[PDB]
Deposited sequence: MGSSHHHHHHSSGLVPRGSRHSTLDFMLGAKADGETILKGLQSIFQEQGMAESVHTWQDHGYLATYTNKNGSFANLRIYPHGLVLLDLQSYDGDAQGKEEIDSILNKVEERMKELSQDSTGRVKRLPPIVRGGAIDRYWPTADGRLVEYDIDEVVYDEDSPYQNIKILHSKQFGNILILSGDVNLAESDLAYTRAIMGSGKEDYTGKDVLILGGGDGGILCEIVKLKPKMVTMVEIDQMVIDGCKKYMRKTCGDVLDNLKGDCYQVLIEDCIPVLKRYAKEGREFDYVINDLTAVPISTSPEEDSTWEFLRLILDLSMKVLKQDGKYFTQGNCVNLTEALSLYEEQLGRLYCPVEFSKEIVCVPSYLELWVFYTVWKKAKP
């Protein structure tokens, strides 16, 4: 469960192999050696306590060491690593990344949307449950506070006021006396920030009661009650609700799409589904209102282009703008869209 690495960038393979072996030999470890017709050497060392090491010596001045614990055993590995560093100076760039914990009861590793390995300062699993719709985790970060992670995707931390600010239009909008629809938003951030501004009505449409309840319990920076003088939370799929509102001719001043990156469907195309949501949102948006949503990470330039393609395929002509926002817990810069109807004639 703890995997430690040490990389040396140099450049004699055999001299290093022989020069390092007593470090392991003196720890009581068993050693086997694989040799290639110069693809170098692989040395494998086994310990009685269930830990092992691998020393890989490439033909051109690259030596990689891996130690894996069964994880006293941590100090033994750290000590070996320190010795190997000492010895390599005698035998003479070095990289010693933080060890990775493998199969930890607390999972600290939440790769970014663009596929980068990032480790978070998680000291506690606060909540980890499966609803009928998604896995819901809330993990405590020392710096970011509690972080909501839905199907393995970081959605929001208690530190992420910048997300909620950006998706409400970055302080440019007056919500006083306005009618607002929020799609998703199970954490309650947007809802609660808007209630503070004295709207006429905010309606939030969230499919998963378990996200509502977990965030009520654990994402605490109003909602003891799901209906108030100027808000209501509907626990349902936003699609039939969008349709029902269009059918009653209802129009909002603002529609804020705070759904998961992959909106939840109960039907047994990716882009088509986003377009549908868009189209349905435009149908309940006043001619002079605005629609806001989170876009995607700034580096996913193809996915942002295919998204903006869909903005051209709506029942009405629209215009849009975008802004790049730094959300603390995201560990990647994010794009946020503002969308509005083109003036009619």
{"query": "Gaps in the model (deposited sequence, numbered from 1)", "finding": "1 to 18, 30 to 32, 93 to 95, 117 to 121, 251 to 254, 302 to 304"}
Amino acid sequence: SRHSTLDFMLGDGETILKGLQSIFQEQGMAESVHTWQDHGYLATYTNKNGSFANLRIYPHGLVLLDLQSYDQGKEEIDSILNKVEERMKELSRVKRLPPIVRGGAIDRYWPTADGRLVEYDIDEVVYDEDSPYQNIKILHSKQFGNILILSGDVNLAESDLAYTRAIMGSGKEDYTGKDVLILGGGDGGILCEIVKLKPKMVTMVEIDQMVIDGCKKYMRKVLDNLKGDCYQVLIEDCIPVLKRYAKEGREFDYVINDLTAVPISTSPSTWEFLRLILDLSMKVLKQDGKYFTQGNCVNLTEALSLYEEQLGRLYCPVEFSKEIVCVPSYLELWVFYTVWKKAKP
From here on, numbers count along this sequence of modelled residues.
query	finding
244 to 252 or 135 to 143, whichever carries the higher mean Cα B-factor	244 to 252
Of 174 to 182 and 223 to 231, the stretch whose C-alpha atoms average the higher B-factor in the entry	223 to 231
Among 284, 53, 303, 30 - the residue whose C-alpha B-factor is largest in the record	30
Maximum C-alpha temperature factor, selected from 72, 203, 159, 164	72
B-factor third for the C-alpha atom of residue 338 within its chain	lowest
Within-chain third of residue 269 by Cα B-factor, per the entry	middle
Residue 26 by Cα B-factor - lowest, middle or highest third of the modelled chain	highest
Chain thirds of CA B-factor: placement of residue 329	lowest
CA B-factor placement of residue 320, once the chain's modelled residues are sorted into thirds	middle
